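Here you go, one structure.
First chain written, first letter: the chains are A, B, C, D, E and F, and each begins at residue 1.
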Amino acid sequence: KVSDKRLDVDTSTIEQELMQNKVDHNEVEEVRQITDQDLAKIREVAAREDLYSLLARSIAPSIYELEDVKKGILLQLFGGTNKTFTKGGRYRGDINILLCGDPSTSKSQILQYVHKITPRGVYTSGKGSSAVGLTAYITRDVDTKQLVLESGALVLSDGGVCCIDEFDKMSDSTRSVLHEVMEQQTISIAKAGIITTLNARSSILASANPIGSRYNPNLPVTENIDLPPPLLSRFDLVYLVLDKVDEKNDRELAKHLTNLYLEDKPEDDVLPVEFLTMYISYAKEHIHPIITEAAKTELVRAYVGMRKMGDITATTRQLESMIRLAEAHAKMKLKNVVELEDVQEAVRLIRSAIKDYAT
Amino acid sequence: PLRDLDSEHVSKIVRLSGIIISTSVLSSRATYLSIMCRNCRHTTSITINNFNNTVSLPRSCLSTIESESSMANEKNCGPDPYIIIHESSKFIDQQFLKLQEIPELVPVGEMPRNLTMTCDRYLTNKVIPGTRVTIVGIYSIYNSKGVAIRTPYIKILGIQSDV
Amino acid sequence: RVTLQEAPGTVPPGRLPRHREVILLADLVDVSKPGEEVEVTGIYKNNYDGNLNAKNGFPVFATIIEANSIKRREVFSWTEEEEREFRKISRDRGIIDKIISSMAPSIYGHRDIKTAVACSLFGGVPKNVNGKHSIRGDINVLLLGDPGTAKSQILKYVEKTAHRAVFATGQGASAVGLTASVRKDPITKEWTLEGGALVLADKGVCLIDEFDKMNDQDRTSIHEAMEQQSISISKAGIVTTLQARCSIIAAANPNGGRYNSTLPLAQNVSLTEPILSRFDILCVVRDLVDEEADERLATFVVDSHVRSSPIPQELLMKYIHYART
Amino acid sequence: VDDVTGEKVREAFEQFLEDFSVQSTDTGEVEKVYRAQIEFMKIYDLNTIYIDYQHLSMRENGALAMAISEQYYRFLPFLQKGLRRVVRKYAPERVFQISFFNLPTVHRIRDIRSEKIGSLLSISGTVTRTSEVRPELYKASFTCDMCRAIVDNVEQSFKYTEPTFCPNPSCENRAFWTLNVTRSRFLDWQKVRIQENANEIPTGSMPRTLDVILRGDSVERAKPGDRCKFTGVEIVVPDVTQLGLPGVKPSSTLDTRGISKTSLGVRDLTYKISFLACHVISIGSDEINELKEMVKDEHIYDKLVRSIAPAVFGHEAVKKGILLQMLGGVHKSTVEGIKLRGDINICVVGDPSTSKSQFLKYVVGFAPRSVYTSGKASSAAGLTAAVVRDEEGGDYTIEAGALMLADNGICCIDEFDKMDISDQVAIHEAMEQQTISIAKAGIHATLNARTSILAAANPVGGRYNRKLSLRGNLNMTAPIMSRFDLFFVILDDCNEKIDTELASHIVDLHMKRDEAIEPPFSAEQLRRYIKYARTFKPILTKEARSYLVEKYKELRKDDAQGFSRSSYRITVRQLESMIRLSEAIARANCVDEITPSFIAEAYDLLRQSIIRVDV
Amino acid sequence: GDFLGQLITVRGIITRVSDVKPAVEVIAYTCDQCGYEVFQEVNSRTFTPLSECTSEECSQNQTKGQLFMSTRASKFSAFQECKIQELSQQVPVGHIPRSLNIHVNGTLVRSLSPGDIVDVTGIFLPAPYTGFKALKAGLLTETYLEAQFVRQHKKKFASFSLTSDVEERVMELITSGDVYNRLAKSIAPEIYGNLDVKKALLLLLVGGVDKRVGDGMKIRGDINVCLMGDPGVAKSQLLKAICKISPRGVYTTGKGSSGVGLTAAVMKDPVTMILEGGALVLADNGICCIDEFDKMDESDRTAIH
Amino acid sequence: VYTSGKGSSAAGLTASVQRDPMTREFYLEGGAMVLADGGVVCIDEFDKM
């Protein structure tokens, strides 16, 4: 039941009922125990200057690209501060990303690697689903021969990452369930088994492919994806990965990809396989990044100029978007406070999409 | 009318008229039959007339009740020994129709009611169900399934058809 | 034996109704009618026992009320003094408006369409030609309604007043569905023939509305019903022809606007031509800001809500029950 | 030993209550509270007791408190029998029930083990599916046809074992006969099945159910849709269906190595955890001078507007009608024909990504009798009743159903377009008939519906086409649209002062410093203010009911012009909505005999409500 | 029904294979007083536990014991069964193929994949069973077959290691010269032309490469060749031929499998709630022949991606 | 047989085959042309059909 050393460690904001319990009876530990000598070694890696570039490269050594996008995958794991008020509040640390673009990108090979890390990962697809197919799986029991209610797919996604493929080919009712989770982070069951709402938090991430197999230029980006654009703009950050007609990286292409296949052995970079596994887990509970006054001058200054574009849009989701991404970067490199710098590349990650949107 | 059939109408000549729902599949009762005692080798014969539960096979070999000396001098056929020799027996028909009241008047608040039918020999294979016919009957009672509640039935004599 | 449940009107707030068994006896047979109240004098018992075996240790005994005096909580024909006082009205001339003056004083104006309802239920004679044909003894009514009207109150007054009046609703609110089918009963499991409301309302008046939200299943039924007054069926092993001598009164809904254009009613309505042909009278309501009508109506509304010459209705229902036969 | 010890438990407890009761002086109660307990019960003769656990924790320094709290099942007759002698010492048919309260420690279903049986543990939860009232015998008069057929006797416990072995009739031990059904003392009980709270459920886990029986006095105290605290005690019911579970099954093969001989009537057992209780409280003068301060003021109308949703920053008219939805109408009687309904219905369709759910969460977050659901996975029969059958021999037990249980409360349902037509008729039955009709495979039934419904749907394209009408945007039928009173279209712009004010307001919420922004009232004196306001019952006694007519006429004389952009067949119900809206305004004002100023504010309220529609 | 007790030889298609679970044969019983071990042999479907003791020493004595069974001392047996559908070639002109029950015991278990072509030989024994209670004419015998030996047509790959008698013929193929051009000439030679087309399909038959980087992803060594053109090329002459020679070859059409058909399904298990699979569930480590992908369901396209 | 359109209230017109819910037996359910064999068929609204 305790966490593996290999894959990721669960949060403590969910276990905290049984952390409040389980002191009464001596039990298993459920938490990957941090030893002593490697603690300074964590503080050794924390003093690295090139940490912001070393870490994203070290995630997936199979594809040599998307260094901002892999960083969002990294910042998906350092996600936010779970702020609950004295009454109400309940502001989670989720960030939710769709990525899209042309095939032959190994986008699925990204997600399978994401699926292996997550301690409660759920990997779904398209058109094998239904509205009943994610919750209230009420059915007949066999050996006791009763009618037993089962937990659904998002309850199996409660804590962790869900994964959805071919997002454009959902129904109306499927993808209508997503409105409740992206806004309220609840699920409302009210039929014959149980009439009681419940929450099921996850890190929602999905992908789809456009109408044209290649996105042509001289055409709006908002046109060539079959989403309602207020629901499309509801997401935190949206990526587009396209093909380029250049030549220089294509010589770098086949030398890299043959080397993974040639001499049948996994082999100028330091790639810590298991340092990051405990680096993320230690940084999860011991860090509560605070977002005090000095950032608020620049942040409000930055948001109105984002609002100034008018005549895709920018909504009040985009105001909440930046503060959950900025202190997540402050959760990287052991910062319990915010700084006025590190806010600019949080804009630039959104601008990394935006400068890809010229055509 | 079928709506008012009191307990004062039990086992009396009462006629009515309605709509026949659907028939049943024809079974067969027996009237005349020859039997055998499986130990004593004792044979009799049984006729019945009012076949409409009533009679069954007896439970003694019955050769003991005999007014002759040498036969009663010569054991136990017991228990109930009688096996019907079917090769020389006689048989009849049984129908089990079902009738429904006419829905033109007063089934407004309720659901429509119905009863259970049974016809004799030449009355079988007579009426295609659904037509408007009149039946003189006998309002009889059977028992089968703690307040000793018993379901209603009609012994049927003389259906006449519509013209 | 009769089931009884708690009164849904006077429930203490939040609680739920429950059931109890009532057993009838000899002179008490068939006093009620389903959907009413009752006032009973009950003695309170339980059943004796059924089959004690290995179960929970808790004894579970259901309780049964036997009742003595069944009463209604706090049937109409003519008499000799009621058939001679009958002739004191029927000799007169101005009984025409006085019938309309006693019809529905709730809805104020609209003299023609109130007269047409007064004529429709009042009945006709078929006068079947010997051997050849009977034409019709029924009145076929169309009423193009409008939201913003009390048109439901008219047909509400009909079912209260008339002898056999069955409101067959538009879509699924009643147990009837206007199409006969062989069904079993979940109370009892045998197949029972269940005729439609138009099968039910023979020599009666049925009230059906929202014709636009009626299926082709319903539309063939209404087509056959006004055609030859007889409904045929071809179910499982059964082929019969049941009759129907109903009189149809409508309550429609305009398409889009409250009154569409200068275009005619067949262009205004979304229904078809043969049901328009079989309809005889066509009542049209109007929605317009008329200065005199609004002062009358709005002050009638306030007078209805501060509460917080016509024939009395027992005599006119005695009139038409005696006359139409 | 144990005959002495529980009797020593009996006598020390007999010593305890017969002593002084409360230490407090003449300022307060002096003495003899438990002695006044019977003497006040002697006045009313209801034959039970309300005794504290806390005073029992005082005297013996917890030595006796840690004597009872472990094996209460051992201690049934000793606690009852000694108290019976206390009664006949002081007082004069007598049957007793012992109730406790004030348990210091409350746990959940997950904190229950088989080692906790016999002990006392308090569990709270969610009451669902109450059942009827049924008796219980516990007094058998059952003996054979031999002369002494008068054995008032055993099976007081949870077993149907009537006959004792050794009588002194001609009857033997094997002789057994039926119970006399006329000479006994019974009690009644009901059987509710509680569900677990949603504020305690862990990840991956559904809420859990448990059966509980309330016997005797504690019948009808239950309420489906309530939070309650229980008696600590607990029992175990034998089960049947746990076969092929799998497991090593216990058996009762008796000894045969005793009596010498010259078949096998042995049994097994497989039980289940149940629960039993006797006290259920349902938790879950000085401020009256404060409520006087809350009504003598005048700005409190403007104060109550801003004191609703401090998390939401923006417009206010949606906060008005929800507040008016919190205040009931008059629902008075009429003539014998049709009674008037007394409720208000606000139905809002807005843009996606507008934080309309903050309104939705706040309503279910604050108000009593509140039900939230964004029901699409829910059935149509989820808000209707379920004919649960065969909990016993003919249970027919009707559930609560998700619509009805918000009685005199707001039941808010989202996304009408995501639901189908059969609910919409069943909603229209609830919005017109105000009742629920049931014929579900057997037992026909009728129910009721007295709730207020708040709506949250979406446009077809998601946004508003201003050249199109509002009627081309609901995608539903007419009378469920025509039944709806207020509409509240919201669409937003950019404005550089407000765009900073939106930026300043949201980030300062995430500033956990200075997040204590102040409404003029607190939440619970506001909730107190709802309760005082309900007892006003306004009777309009103003001559301006006639002035209201031409005021309503000039609402229509300008509507007599321009039927182009969202015309309306200006309804008596719209005029009737003007009545019910002007009601709850004066209910907030603590004013009967409604002034025309209260009319004119409600008059312009529906005016700019349709200016939000007329485009 | 005259071949009962004989030793026979049948063939067909393995269909609806059950799971392997142990069959109890004899049960040990510890006395705990007389110290013997009682043994009960069961050849019926069901049975009962027995009495308190049946020793010779516990006998003729007043106090008999009271026993209980034991697990580790009993003898079990490997048990699994399946059904065989008719070969669908010798069926008469208007008939529907039947099935037959075959019990398998012991060593030969875990050797029969579903959907194959196999020669089953065994001995033909009845089982005491009749159908409905009223339909019993008095002596109704329900039969079965006990498996004895498996000889499969289309011998499965990755299951041999012998090479000597294999290379007695393989080296003659190797020393034949110009082998690679000879191969694609040999697979389905009954059409004219399309040698380069047959050459790529020869390479589709190979596949058979793989690599995982370890704590990472695999790479699939699979080939996916599509065919376009109409109609006088007779492509289906090759489509039936490919899934015929190749082991684990299922021939599929467009509409005859829906979006739920070729994938798995859930039904109630017979005698031994498992997931009953489809054709692609069946034809794993093999080649699926597919007709008319243009007319699939749009949800059926999503599974193919 | 008189028919208005193809549809009566519950009677079909063409040769319908309904399986018997008891015994699962195939039989001829009904219609019009089987009924009026050697007789007269009346059909209204052939083009509104």
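In this text, a contact is a pair of C-beta atoms (placed from the backbone, for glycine too) under 8 Å apart; a residue touches a chain by one contact, two chains touch by 3 or more.
Participant: Looking at CA centres, what chain is most distant from subunit E?
Facilitator: Following the centroid criterion, the farthest chain would be C.
Participant: Just give me the whole-number Å value for how far the CA centre of subunit C lies from that of subunit F.
Facilitator: Computed value for the inter-centroid distance: 32 Å.
Participant: Between subunit D and subunit E, tell me the centre distance in angstrom, where each centre is the average of that chain's C-alpha atoms.
Facilitator: Here subunit D and subunit E have centroids separated by 58 Å.
Participant: How many angstrom between the C-alpha centroids of subunit F and subunit D?
Facilitator: 57
Participant: Roughly how far is subunit B from subunit F, centre to centre by C-alpha average, rounded to an integer in Å?
Facilitator: Between these chains, centre-to-centre, one finds 38 Å.
Participant: Quick one: which residues in subunit F touch 2 or more of the other chains?
Facilitator: none
Participant: Please output the residue numbers of subunit C that touch at least 2 other chains, ranges allowed.
Facilitator: Counting only residues that touch two or more other chains, subunit C contributes 48, 50, 187, 236, 239.
Participant: Going by the touch rule set out above, which residues of subunit A reach two or more other chains?
Facilitator: If we look for residues of subunit A contacting two or more partner chains, we find none.
Participant: Pairs of chains that touch, anyone?
Facilitator: Every pair of chains in contact is listed here: A-D, A-E, B-C, C-D, C-F, D-E.
Participant: Using the touch definition up top, name the residues of subunit D that touch subunit C in the complex.
Facilitator: 130, 132, 134-137, 155, 157-160, 178, 181, 213, 223-225, 237-238, 330, 332-335, 340, 392-394, 396, 398, 400, 405, 407-408, 422, 425, 429, 435, 439, 441-443, 445-448, 450, 478-479, 482, 539-540, 545-546, 548-549, 552-553, 556-557, 559-560, 569-572, 575-576, 579
Participant: Touching subunit F in the complex: which residues of subunit C?
Facilitator: 178-181, 196, 216-217, 220-221, 223-225, 227-228, 231-236, 239, 272, 274
Participant: Write out the stretch or stretches of subunit F touching subunit C in their complex.
Facilitator: Residue positions touching the partner: 1-2, 4-5, 7-12, 16, 18, 20, 29-31, 35, 44-45, 48.
Participant: Going by the contact rule at the top, pick out the subunit C residues touching subunit B in the complex.
Facilitator: Within the complex, subunit C contacts subunit B at residues 26, 29, 33-35, 47-48, 50, 166, 185, 187-188, 190-195, 199-200, 202, 236-240, 242-243.
Participant: What does subunit B use to touch subunit C in their complex?
Facilitator: Those in contact with subunit C are residues 6-7, 19, 21-22, 98, 100, 103-104, 107-112, 114, 129-131, 146.
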